[PDB]
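One structure is given below, encoded as structure tokens.
We use all heavy atoms of the structure for the numbers below, so side chains are in, but hydrogens, waters and symmetry mates are not. We count residues from 1, following the sequence as given.
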Amino acid sequence: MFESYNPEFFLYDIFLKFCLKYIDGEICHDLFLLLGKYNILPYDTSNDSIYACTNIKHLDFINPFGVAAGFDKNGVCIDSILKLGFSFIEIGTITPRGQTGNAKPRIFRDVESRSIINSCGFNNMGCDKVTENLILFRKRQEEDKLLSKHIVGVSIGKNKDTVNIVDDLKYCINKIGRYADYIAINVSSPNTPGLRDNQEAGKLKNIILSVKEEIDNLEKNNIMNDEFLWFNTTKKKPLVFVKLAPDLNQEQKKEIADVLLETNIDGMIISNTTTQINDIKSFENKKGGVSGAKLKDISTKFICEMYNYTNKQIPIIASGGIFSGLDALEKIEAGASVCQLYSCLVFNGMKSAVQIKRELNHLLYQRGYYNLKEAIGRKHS
Ligand SMILES: Cc1cc2nc3c(=O)[nH]c(=O)nc-3n(C[C@H](O)[C@H](O)[C@H](O)COP(=O)(O)O)c2cc1C
Ligand SMILES: Cn1nc(O)c(C(=O)O)c1COc1cccc(C(F)(F)F)c1
Ligand SMILES: O=C(O)c1cc(=O)[nH]c(=O)[nH]1
């Protein structure tokens, strides 16, 4: 009963319920990152079921659960977070220059509804410093066989005062792209003014094509170099995903889907936080995007819509209110190939990955599936 390396060790839940009621949200988060920075977190290095693995094109996820963007904005404890049991992490969102973000306090919890509202505003150390942090992980990954198949994506955005979003996305590609297994284009943060306008079809199309061209030029101009270009897990060109906001009318969603089909995006992350929820009186006079259990149903329906609007041709990364194995299977049967957690880590703590992986495997048994891949999109028939 001193096996503190186990993520289900009873003391973690005790400290977490105390943090939930007494300690500011962002302070809790930085404490978590500090523990990870000094390699003090517990870990689960045990073998995941081969029957729950999954892929998005050439990305082979050893299990279906990763950590959503914004949890390690700066990529300072990638190793430790992955070793909790996750198969991947999306670091960022990063911007070309660093930013302190919007005013504090700016992260608020509501345990009753297991929901969060945040107005962070892309607080990050900037692309060049996060790149150095990612490079250090990649060098450790080379020596550590036990991280050889874990995946790291990078969410990229724009500084608050940048005029043309595309300039900032290009800068991030040219510095950090060679180290990422995939790039997530963030056009859906509710906390950078004017950012969500880039989900307009014409603007979005130009953004996607510009990003893909820059990644292609990066390879075009550098694959001949002595040092092997792709210092990442896949040893290939990063795939490109788009993260969308749930707050869109049906016409926009269809017009976006048309653009995703034409531009050949490699996947879509559905979804970001919402500004549609106001029936949480603890959040009643706060600003930003709402995460957690109150976002689950909205984003699951959104997965179903974009799965159908893209005629099942665009793989889907699920994000939004995933806490349980039942939640994960709802997302997958809705059309998702992988799931991302944030709010689950806030309210369930260290045990998040180990327990949700166990619950999913039990579900795949009880529901009669041979493997997780068989369940993808099964709601639609
Ligand atoms: C404090 C906080 C910070 C976040 N920062 C980012 C970010 O930088 N980039 C991004 O694409 N999403 C960000 N998100 C959104 C999450 O990645 C995720 O999409 C959202 O929380 C919904 O998932 P959940 O219900 O499991 O929390 C953030 C969410 C929270 C609560
Ligand atoms: C509690 N809380 N509130 C937040 O806004 C966040 C966050 O990350 O956004 C968190 C997560 O923080 C911890 C989670 C598990 C365990 C611990 C502890 F440090 F207690 F072990 C902290
Ligand atoms: O950093 C933020 O403010 C932020 C970015 C994002 O994409 N989603 C979110 O909820 N907050």
Pairwise side-chain contact, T234 with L59, heavy-atom cut-off 4.5 Å (strictly under):
yes
Using only atom types and a distance under 3.5 Å, with no angle test, would you say the side chain of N371 pairs donor to acceptor with the backbone of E374?
yes
Polar side-chain atom of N232 near backbone of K236 as donor-acceptor pair, under 3.5 Å:
yes
Hey, are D167 and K158 close enough for a salt bridge, meaning a charged N less than 4.0 Å from a carboxylate O?
no
Can you tell me if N272 uses its side chain to pair, donor with acceptor, with the backbone of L244 under 3.5 Å?
no
Gap between atom OG1 of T131 and atom CD1 of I94 - 0.5 Å precision:
5.5 Å
Would you mind checking if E227 and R178 are paired as a salt bridge, meaning a charged N to carboxylate O distance below 4.0 Å?
yes
Is the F86 to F65 ring centre distance short of 6.0 Å?
no
For atom CZ of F228, is the number of surrounding heavy atoms from other residues, nucleotides or ligands below 6.0 Å larger than 12?
yes
Evaluate the side chain to side chain contact (heavy atoms under 4.5 Å, CB included) criterion for residues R114 and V346: first the C-alpha distance (whole Å), next the side-chain angles of each, then the deciding distance (0.1 Å), finally the verdict.
CA-CA 9 Å; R114 297 185 304 167; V346 178; over 6 Å; no
Spatial distance of atom CG (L363) from atom CD1 (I356) [nearest 0.5 Å]
10.5 Å
Can you tell me if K212 has over 12 outside heavy atoms packed within less than 6.0 Å of its NZ?
yes
Inspect the contact between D48 and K357 and indicate whether a charged nitrogen and a carboxylate oxygen are less than 4.0 angstrom apart.
yes
Which word best sums up how the rings of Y12 and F9 line up, parallel for under 30°, tilted for 30 to 60°, or perpendicular for over 60°?
perpendicular
Other residues, nucleotides and ligands only: do more than 12 of their heavy atoms fall within 6.0 Å of NZ on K235?
yes
Ion pair check, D258 and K253, cut-off under 4.0 Å:
no
Crowded around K312 NZ? As in, over 12 foreign heavy atoms under 6.0 Å?
yes
Can you tell whether the side chains of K351 and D13 come within less than 4.0 Å, N to carboxylate O?
yes
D128/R97 salt bridge by N-O under 4.0 Å criterion:
no
Hey, does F32 have a side-chain heavy atom less than 4.5 Å from the side chain of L41?
yes
Can you check whether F241 reaches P315 side chain to side chain, under 4.5 Å on heavy atoms?
no
Can you confirm whether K57 is buried at NZ, in the sense that more than 12 heavy atoms of other residues, nucleotides or ligands lie under 6.0 Å from that atom?
yes
Which distance, rounded to the nearest 0.5 Å, do you find between the CG of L33 and the SG of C77?
4.5 Å
Proximity of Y369 and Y51 rings by center, below 6.0 Å
no
Heavy-atom donor-acceptor pair, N63 side chain to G85 backbone, under 3.5 Å:
yes
Does the distance from a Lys or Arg side-chain N to an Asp or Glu carboxylate O, for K296 and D327, drop under 4.0 Å?
yes
Electrostatic pair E214:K220 at N-O distance under 4.0 angstrom:
no
Step by step, work out the side-chain hydrogen bond (donor to acceptor under 3.5 Å, both in side chains) result for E200 and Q252.
CA-CA 7 Å; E200 186 273 320; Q252 311 184 258; over 6 Å; no
Checking side-chain polar atoms at under 3.5 Å, does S119 have a donor or acceptor matched by the opposite partner on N102?
no
Donor-acceptor pair, side chain of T263 and main chain of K205, under 3.5 angstrom:
no
Test side-chain hydrogen bond (donor to acceptor under 3.5 Å, both in side chains) on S115 and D110; report intermediate values, then the result.
CA-CA 5 Å; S115 283; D110 184 81; over 6 Å; no
For the pair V354 and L84, evaluate side chain to side chain contact (heavy atoms under 4.5 Å, CB included) and give the outcome as yes or no after the intermediate values.
CA-CA 7 Å; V354 51; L84 284 173; over 6 Å; no
Nearest heavy-atom contact between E359 and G325 is OE1-N, 2.9 Å
Check whether any side-chain heavy atom of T275 lies under 4.5 Å from a side-chain heavy atom of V290, and answer yes or no.
no
Donor + acceptor pair across side chains of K331, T300 (<3.5 Å)
yes
Could you check whether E142 pairs with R138 (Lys NZ or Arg NE/NH1/NH2 to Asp/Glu carboxylate O, under 4.0 Å)?
no
Just wondering, do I223 and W230 contact through their side chains at under 4.5 Å, heavy atoms?
yes
Would you mind reporting whether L195 and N186 have side-chain heavy atoms less than 4.5 Å apart?
yes
Tell me whether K373 at atom NZ has more than 12 heavy atoms from other residues, nucleotides or ligands lying less than 6.0 Å away.
yes
For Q276 and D247: C-alpha separation, side-chain torsions, deciding distance, then whether side-chain hydrogen bond (donor to acceptor under 3.5 Å, both in side chains) applies.
CA-CA 7 Å; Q276 301 173 0; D247 319 309; 3.1 Å; yes
Out of the candidates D24, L31, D30, only one should pair with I27 under the side chain to side chain contact (heavy atoms under 4.5 Å, CB included) rule; please name it.
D24
Side chains of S299 and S271 only: does a donor on one sit below 3.5 Å from an acceptor on the other?
no
Short N-O contact, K237 and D216, less than 4.0 angstrom:
yes
Step by step, would you call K294 with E112 a salt bridge (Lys or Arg N to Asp or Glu O under 4.0 Å)?
CA-CA 11 Å; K294 293 218 64 67; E112 301 79 86; over 6 Å; no
In sequence, state the C-alpha distance, the side-chain angles, and the governing distance for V152 and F137, and then conclude on side chain to side chain contact (heavy atoms under 4.5 Å, CB included).
CA-CA 10 Å; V152 183; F137 168 77; 3.6 Å; yes
Could you tell me if the side chain of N124 sits less than 4.5 Å from the side chain of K129, heavy atoms only?
no
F61/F88 under ring-ring contact (aromatic ring centres under 6.0 Å, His included): CA gap, chis, key distance, verdict:
CA-CA 7 Å; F61 302 91; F88 74 109; 4.7 Å; yes
Chi angles and distances behind the side-chain hydrogen bond (donor to acceptor under 3.5 Å, both in side chains) call for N159, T95:
CA-CA 5 Å; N159 279 107; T95 58; 3.3 Å; yes
Under 3.5 Å: donor-acceptor pair, side chain of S337, backbone of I56:
no
Might you confirm whether atom CG of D279 has over 12 heavy atoms from other residues, nucleotides or ligands at distances under 6.0 Å?
yes
Out of the candidates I91, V76, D72, only one should pair with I81 under the side chain to side chain contact (heavy atoms under 4.5 Å, CB included) rule; please name it.
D72
For the pair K37 and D79, find out whether any cationic side-chain nitrogen is under 4.0 Å from an anionic carboxylate oxygen.
no
Report yes or no: is the cationic atom of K254 (NZ for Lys, CZ for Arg) closer than 6.0 Å to the six-membered ring centre of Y309, at no more than 45° off its axis?
no
With a 3.5 Å distance limit and no angle check, can you tell me whether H380 reaches the backbone of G335 through a side-chain donor-acceptor pair?
no
Can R109 be said to sit on top of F347's aromatic six-ring, NZ or CZ under 6.0 Å from centre and within 45° of the ring axis?
no
Heavy atoms, side chains only, cut-off 4.5 Å: are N191 and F122 in contact?
no
